[PDB]
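Student: Below is the structure, and that's it, no one-letter string:
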Ligand SMILES: [Mn+2]
């Protein structure tokens, strides 16, 4: 609310909110806020009438309703803005799919149902989840998304940088019956997003979180990759890059495994380090531990690719479902690698 | 009538076994075994029947019609098979023992949990007082053992203590005084608490890495590395063959099942991973 | 907010008037807009003693009372025997809520003794003798909410839903 | 014939005493035999007052009270407020039926009238915090039932079912 | 009020007057489980005197006396100056612990004053010479325990265990 | 079964990395880590234990410059060549042995306080050597991998 | 009176149609029904009681010529009783108690009600603690290459019980009880086995609450269809309405009849009951009589174990 204003008006609204703060008063704090509103009407030369009695009371009553109910009161402009941004993000994702040799079955606004090669699925997931939040570097036709908005030749249309987004991936044999393939895709993307909890901190406190993940499945293997690790998934221009940050790590690691700098034994050798590292309790200890686990399959001479130290302590939970999952994000990273390869 | 008689039999692994399941688990193995509901190694009845039918078709090519009748027909499969196999359930797995006591030397031991024995008794109770073949002694033994659930029990032994699979200390206790052995291989059986027994078991399984080498420059091809999981040699499974009353079912039970010791189960047979000895509980 | 009360609607007509109100508050419990009885109060676990009406409470939740939050004050001569309740008013199981209650209410509820003097056994009963439907419509239903015969030239829909929209569990003990 | 008693079970240790002497009566219907807390019963439409420990009803099957049926007379100094009724034992809605039905039932229920003063925000809560729950063994499960810890070396599974088999919506105010 | 008493076991037989509760109940700390005399607590840093057999407080750690613990009180003519002390029965250093104890023990060291007259000259002594040990079977065990001579007519058990275990650091002077 | 051993290493170890400074008998600790392990199972537990106590300075210095670790804080263990950098390892093994009830404190503390009971302390370790070797295996490989990574 | 069906191994009650390698360039798959349809239990029991000289047409004729009014199936684990519960696309196992407040829960206002039912299907659901789909991939092998045939691969999501599970039916006649006691049967698809133990019981029948739990697919007589699918709110509070097929008849080797139905676990409003009786012709009433004998229209109420047919 206080940020929604542009101009000296923000002072009035935040001091009203302070009058709403801690059940402070009505009919009483309507002076401090008013000794500025009347100041403002006297700050001009042609004002006609003021019923500040009614007006500041209604202005406080608005925010009081907002907070008591607990939701921004929706007006038609809200709906048409969300829907327009939905369609524009859809236009972005249409050429994001086409950027990765994909075939759209249904891409409409919020959702998506495409078919891509098993090779560029991770790239597409990353770039799509970022473009949904208006954060990208490509021109996608006539549309050049810019850090939370959608620039279209000087037109800055909004985006959905607050809305999370889940992702299901089914690595399927071309002879697999599409009935069960589509049903498994839908049932993962439904069950899992409601049923999984992964560690997140907002306000500096390790809490849980449910949506905005990426589930993978390969004929029995499953993995989940959290996409935000922040509950106001972005609130600054800073956190725009944090989106899908775990995915570029998996992409880099797959970039090392292919070129023959790491051996796929990496994907079968993390279990022994996992006991040590999840009971481990210091940062740089676990840092060196993963560095040397990789440095038994080697990544490089004079190692250069470490895991970015935000990935540890992240524990993924599940509400006791047949979907078995490792309780930690790095084991899920390596299962995502197993699932991607298993389809190549 | 309608599964009149039944034949329970032990599946004794002569080599390692690998009945595969694709990549059907969340472990680090890439070619796991076929898993029970409890994550234990099982042999599906489809696999057991398919392997046994294939073997019998090869080594009894004149009895092809009897075998077709009991186990099914390739085409014209509009004639229900009058024989069926239950899922083979792990009955006992060999474990490496570092024993501290008993003055008797043992280097490997058979190991079970109470979940396994519970399912074995489930199979066994559902036959005896229902069908007519009578082997109640085995069921009485399994019930006597199941009495003591919740503590590592040794069977036919004087062990009292041991290291199992080089990694687990356990303290054992004899059953009452003595009991006929459920297996006939003169090796102690241990029934373990369902929690330490499964750690011991999942450390008794063989999980190997395997490699495809570049045929010319003798190096591993990129990505030519995977893992597989074999059930160890000497492992024992348990299944039952249920026969519906018919004439050629008697031919099955008489001419055929009385000359079946060894068959080949599972896959990876060029590695030698399928040889099996079937012991019927009829001796 | 307001206060509402406790009434069973059996084939019995003995519930004519002890709610002394005819207008009440700006909110109205049960409304009727030419579709039948609306905003029915359902009470679970209270057997009835229809003659000598004093609902002895049971324990079995497989009996119910198809009551109404009858508008007003319990005659201000009772409740030394009744029970009474000031609910957060989300707990009342009101059928087909037409309006919207702001979950603020107090309810006085008649009550009785456990009746440990004969083996309890209740029976289900529905509203028989549609003529007695009409006459209970007269005595009790008319003089509480008088919009009937005011705008309602449609009785075939408002007197024949109470046919089976109200069924109870009578003890007869 | 005997008479039973439906003692409440809140987060509170207000359940240390309900009956004068240890056991008393001849037979009990609720059983603790090796695999479950058998024949428990759940009364609906009510609520528990964790402090001021008694019942504080709130009428909807959404609300419910879980209590055990023991054979004892309530403290000999009350039952001015404790319900004492009698049902044919098939309106006795028992959870986890195992034993014998008596068909001539008599119950005492710890309860106080609502006495409506507060907005009854009636909030459910688990039976957990093992430090709270473990000392309960031989004063709620061996003060009336000496039968356990006599043959039972199976206490922690009939503890597993304690962890869930009690649930309610308390008073909190 | 869990209570116990310390009774050292040398070849010196001066421990048959401080016994009141021979059995007195159903339990001791020390007993016979046909695999040794178990639960033999040992206190460390104390020397015994043969003159008026008791314990004297030494500072040397390994001036230790072995002793039996049984449920007894020294017939309350003693304990005036004996070390009377309540323990957490986890900070007790018992040898051959089989059954651990109830976190509180009113125990009695047979205590002697430091006796600053003589300078201590302690020597480890181990028992032999069965002429002194025959009197133990009746002098200590039959004096105290329950199963005495009912579970041990294979008295070699409590012969070689009493031998190989019960040493002490006396002052020999 | 062994999943708190990784938790036990942190507050058992308490320092065999930092206050082991000067990088000679600091890095040398890894030789302990690898070799001893291969020594402990190829050759046995009691041979390696006799070797370790050989290098112990068990006067009171290498009897209390370690039993101080039971109570207070990080013990900078400079002393001399790997005899105090070695009695910390004796401390490590005995710390696992006390925190896992294979041998209690009241004996251990008493066994290392008379030099009459050191002998039967070792004589009792000798009987527990199979069980001990089996049990510490993961707890040791823990610090061996700690050494590979960090030390 | 009560017949406990004890599966000895994972089971397969196929939910869909074709399961066979028809197309060459594609695998086949199948998914098991959590609860076996009543036609399955009926045909099993009939197989146990077969006669060689009756019917041969309209299988339920000579099927019902051997049965009693079988009452729909639920789940007993260890004396505990679980009961299905169905929503839009959802299916949850719950126990006796959690059904009490369900009538009032669905009439709670928007957010309270959705939170309630949503917790009923993701916190109170005991399905995935007792039953999980065990995916079994199988192949066929051509004996010339000892390899797989062309794309002759199939999945089959079986039914794996993590603990002891029985299937519970009630049967009226007792001469049937002591002739199917301790029978090892071929209960379900793809040759799985279960055991039958019978124990006489006692549960009351005549109850009419406002609502009901359907312990079996309520069959709709295809002449009430449009008279049912215009006003769905009048008869079911929550659940699923689906086209089903009555199964597959063995003596004649044909696929049985496709009927609309209200899947088990759906909660029906009492308006349903007479709505059926008043909208069916005697000639169809005679057919649906048998359809109920086998167990298709079975209702329990949310208060007690209230066994009830619909037509009868
Ligand atoms: Mn959804």
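Tutor: Yep, it's here. Residues are numbered from 1 along each chain as shown, chains lettered A, B, ... in the order given.

Student: these two touch, right, residue B:262 and residue B:274?
Tutor: No. Taking contacts as CB atoms under 8 Å, residue B:262 lies outside contact range of residue B:274: 10.2 Å. For the C-beta atoms, the positions are set from N, CA and C on the backbone; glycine is no exception.

Student: With neighbour numbers in mind, choose between the two.
Tutor: Per other CB atoms under 10 Å in any protein chain shown, whichever of residue B:262 and residue B:274 has more neighbours is residue B:274, with 21 against 11.

Student: Please report the distance of that one from residue B:233.
Tutor: Going from residue B:274 to residue B:233 by CB to CB, to the nearest Å gives 12 Å.

Student: list residues touching both of the two?
Tutor: By CB atoms under 8 Å, 6 or more residues apart in numbering or on different chains, residue B:274 and residue B:233 have these common neighbours: residue B:15.

Student: From the centre of chain B outward, give me the first residue you hit.
Tutor: For chain B, the residue sitting closest to the mean C-alpha position, by CA atoms, centre = their mean, is residue B:237 at 1.4 Å.

Student: Is stretch C:111-123 positioned near chain D?
Tutor: Yes. With CB under 8 Å from any CB of the partner chain as the criterion, chain D is reached by stretch C:111-123 at C:114, C:115, C:116, C:119, C:120, C:121, C:122.

Student: Buried ones among those?
Tutor: Neighbour-count burial (16 or more other CB atoms under 10 Å in any protein chain shown) is assigned, among those, to C:114, C:115, C:120, C:122.

Student: show me the contacts for the closest residue to chain B within chain C.
Tutor: Residue nearest to chain B within chain C (CB to the nearest CB): residue C:61, separated by 36.7 Å. Residues in contact with residue C:61 (CB under 8 Å, 6+ apart) are C:44, C:45, D:44, D:45, D:61, D:93, G:100, G:303.

Student: wait, isn't the first one in contact with residue D:57?
Tutor: So the one you mean is residue C:44. No. Checked against CB under 8 Å, the pair residue C:44 and residue D:57 is beyond contact range at 11.7 Å.

Student: Residues that sit against both of the two, list them.
Tutor: With CB under 8 Å, 6+ apart as the test, residue C:44 and residue D:57 both reach residue D:45.

Student: any idea which helix or strand carries the residue nearest to the centre of chain B?
Tutor: strand B:236-243 (DSSP states H and E).

Student: can you pull the contacts of residue A:333?
Tutor: So residue A:333 contacts A:223, A:225, A:246, A:249, A:250, A:253, A:311 (CB under 8 Å, 6+ apart).

Student: Then it would be within a strand, right?
Tutor: No. Under DSSP: H, G, I helix; E, B strand; the rest coil, residue A:333 sits outside any strand and is assigned helix.

Student: Quick check: the gap between it and chain G.
Tutor: 24 Å (CB to the nearest CB, to the nearest Å).

Student: How about residue F:29?
Tutor: 47 Å.

Student: returning to that earlier point: next, format the buried ones among the residues of stretch C:111-123 next to chain D as a markdown table and append distance to residue G:15 and secondary structure.
Tutor: Output for those, formatted as a markdown table (distance: CB to CB, whole Å; DSSP: H, G, I helix; E, B strand; the rest coil):
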| residue | distance to residue G:15 | secondary structure |
| --- | --- | --- |
| C:114 | 51 | coil |
| C:115 | 52 | coil |
| C:120 | 46 | coil |
| C:122 | 42 | coil |
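
Student: Would you format those as CSV with distance to residue E:103 included?
Tutor: Formatted as CSV, those follow (distance: CB to CB, whole Å):
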residue, distance to residue E:103
C:114, 49
C:115, 54
C:120, 52
C:122, 56
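
Student: of all those, which comes closest to residue E:32?
Tutor: residue C:114 (61.0 Å; CB to CB).

Student: Give me the PyMOL select line for the contacts of residue A:333, limited to the buried ones.
Tutor: Remark: buried members of the contacts of residue A:333, expressed as a PyMOL selection using 16+ other CB under 10 Å:
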select buried, chain A and resi 223+225+246+249+250+253+311
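
Student: So what does the residue of the stretch 51-200 of chain G found nearest chain E look like in phi/psi?
Tutor: Closest contact between the stretch 51-200 of chain G and chain E, by CB to the nearest CB, is at residue G:78 (34.9 Å). Backbone torsions for residue G:78, taken as degrees, to the nearest 10, come to phi -140, psi 50.

Student: Now do it: how many residues are near it, please.
Tutor: By other CB under 10 Å, neighbour count at residue G:78 equals 12.

Student: Distance of it relative to chain C?
Tutor: Distance from residue G:78 to chain C, by CB to the nearest CB: 25 Å.

Student: list the contacts for that residue?
Tutor: D:35, D:36, G:163, G:164.

Student: And residue B:125, by the same measure?
Tutor: residue B:139.

Student: tell me the SS of residue C:73?
Tutor: coil.

Student: Check whether it really touches residue C:24, as I assumed.
Tutor: No. Contact criterion CB under 8 Å: residue C:73 and residue C:24 do not qualify, at 9.4 Å.

Student: What is the longest helix of chain A by residue count?
Tutor: helix A:76-98 (DSSP state H).

Student: what does the stretch 51-200 of chain B put close to chain F?
Tutor: B:98, B:100, B:163, B:166, B:167, B:168, B:169, B:196, B:199.

Student: ok, how many other residues are close to the residue nearest to the second one when sequence neighbours are not counted?
Tutor: Of all residues beyond its chain neighbours, the one nearest residue B:100 is residue B:161 (4.6 Å), with distances taken as CB to CB, 6 or more residues apart in numbering or on different chains. Applying other CB under 10 Å, we find 18 residues neighbouring residue B:161.

Student: wait, residue B:161 sits on residue B:171?
Tutor: Yes. Counting by CB under 8 Å, residue B:161 touches residue B:171, with 5.5 Å between them.

Student: and the one residue in chain C that gets nearest to chain E, what does it touch?
Tutor: Closest residue of chain C to chain E, CB to the nearest CB: residue C:59 (44.2 Å). If a contact means CB under 8 Å, 6+ apart, then residue C:59 has C:45, D:41, D:43, D:85, D:87, D:91, D:92, D:93, D:107 as its contacts.

Student: so the fifth one sits in a strand?
Tutor: No. Residue D:87 sits outside any strand when classified using three-state DSSP, being coil.

Student: ok, now which ones touch it?
Tutor: C:58, C:59, C:60, C:120, D:105, D:107.

Student: Leaving out chain neighbours, which residue sits closest to the fourth one?
Tutor: The spatially closest residue to residue C:120, leaving aside those adjacent along the chain, is residue D:87, at 4.7 Å (CB to CB, 6+ apart).

Student: Where do the helices of the chain begin and end?
Tutor: With no chain named, the answer covers chain A. A:9-20, A:34-41, A:52-65, A:76-98, A:121-131, A:178-195, A:245-258, A:270-279, A:283-294, A:329-342.

Student: let's do chain G instead
Tutor: G:38-48, G:60-64, G:102-105, G:110-120, G:226-229, G:271-277, G:282-294.

Student: Would you check how far apart residue F:13 and chain E are?
Tutor: Counting by CB to the nearest CB, the gap from residue F:13 to chain E is 26 Å.

Student: what about that residue, neighbour count?
Tutor: 17.

Student: Now find how far off-centre the host helix or strand of residue F:137 is within its chain.
Tutor: Following DSSP H and E, one finds residue F:137 within helix F:129-149. Computed by CA atoms, centre = their mean, to the nearest Å, the chain-centroid distance of helix F:129-149 equals 11 Å.

Student: How about stretch C:42-59?
Tutor: 12 Å.

Student: buried stuff in that stretch?
Tutor: C:42-50, C:55-59.
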